[PDB]
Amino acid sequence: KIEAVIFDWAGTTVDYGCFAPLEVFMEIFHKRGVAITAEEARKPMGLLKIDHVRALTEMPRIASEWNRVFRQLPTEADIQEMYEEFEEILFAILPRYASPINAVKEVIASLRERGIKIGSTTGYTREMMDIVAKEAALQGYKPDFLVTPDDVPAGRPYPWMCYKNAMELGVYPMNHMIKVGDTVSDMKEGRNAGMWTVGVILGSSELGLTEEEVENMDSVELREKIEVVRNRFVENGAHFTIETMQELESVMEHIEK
């Protein structure tokens, strides 16, 4: 029944915790004397990077500190400058984050043995993907296909990218495919596309923790942050939720019944 799986990249296939973008946002602001925190930076983490910047700009705590520094509120120009800067720096450090999350690689190898097709979608622009893809391929990960918002009329949560995938992998109907992500948007897109939607937790952009703080965090404390997200997923369309990609082939078996 299930013939292909569509994987997200950031916080799913690579970049444990999806920090690359978070790292950048904090720089462009810190360099301007208006330092923001990982929470409020990740706060918007789901919309157009361009608008993501503007959102941070209108965040009262940030908006006030900006006005304190520049003696004036951000200008549509500032947003446009910070955005240009955001990209340049991102292209710079993207490769340092294109490492396949330890769990994943093996899982992909297993699915491929079951003749199951591997596809993907993303929030990253084609420019950025060329970079992340190239590094991830040297590091052992390379899905059968890949699509970016540049390939379609609009990105997530539209199912456009997912249809492009099915079109290229040659799989139909939509319910013969699973969508695996690490964010609310990943869930929406999955459903909008009429396919089985699942959500990874450990290393998600939702759980927002690094491999470091996960391995060295209070069990009871961590076992609690995991629920705030696993629940968070189901509350958005996740037919299922998994702490790690190690539970993938298991959910498949379930689904196929």
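One-based numbering along the sequence shown.
Got a sec? Mean C-alpha B-factor, which is higher, 220 to 228 or 25 to 33? The stretch with the larger average C-alpha B-factor is 220 to 228.
Mean CA B-factor: is it higher for 233 to 241 or for 7 to 15? If you average the C-alpha B-factors of 233 to 241 and of 7 to 15, the larger mean comes out for 233 to 241.
Looking at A109, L73, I118, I178, which has the biggest Cα B factor in the entry? If I rank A109, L73, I118, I178 by C-alpha B-factor, first place goes to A109.
Highest Cα B-factor in the PDB entry belongs to which of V214, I62, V198, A55? Highest C-alpha B-factor among the listed options: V214.
Could you look up the Cα B-factor of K134 in the entry and say which third of the chain it sits in: lowest, middle or highest? Ranked within chain, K134 CA B lands in the middle tercile.
Would you check the entry's CA temperature factor for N102 and let me know if it's in the chain's lowest, middle or highest third? It falls in the top third of the chain.
Going by the entry, which third of its chain does the Cα temperature factor of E127 land in? Middle third - that is where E127 ends up once the chain's C-alpha B-factors are sorted.
Ranking the modelled residues of this chain by C-alpha B-factor as given in the entry, is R96 in the lowest, middle or highest third? Within its chain, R96 is a lowest-third residue by C-alpha B-factor, going by the deposited values.
Third assignment of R114 from its chain's C-alpha B-factors: It falls in the top third of the chain.
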